[PDB]
Amino acid sequence: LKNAXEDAXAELXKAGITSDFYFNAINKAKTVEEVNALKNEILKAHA
């Protein structure tokens, strides 16, 4: 059910990101909207 953590996790694993700020933002993100926003932004930026 709550896969939006491991999705945003594995995707940023695949994208090759290891930046502490975005990791903190992603894991601190309590709402999935933030997760989608952060992930889609940085993923598109590192696609």
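Cβ atoms come from the backbone with ideal geometry, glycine included; neighbour counts cover every protein chain shown. Rule-based calculations on the coordinates, nothing more; no lab input.
Quick notes
- In straight-distance terms, cross-link reach from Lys44 covers every one of the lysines whose alpha-carbon lies under 19 Å from its own, apart from those fewer than eight places away in the same chain; here that gives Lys14.
- Computed packing ranks the peptides 31-44, 1-14 as 31-44, 1-14, most packed first, by mean other Cβ atoms within 10 Å.
- About the Cα centre, charge dipole magnitude for the chain (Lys/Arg +1, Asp/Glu -1 at Cβ), debye: 20
- 0 to 90° range, to nearest 10: angle between helix 4-15 axis and the chain longest Cα axis: 10
- Segment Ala45..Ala10, full-extension length gain: 11.0 nm, with 0.36 nm per residue of separation and the alpha-carbon distance subtracted.
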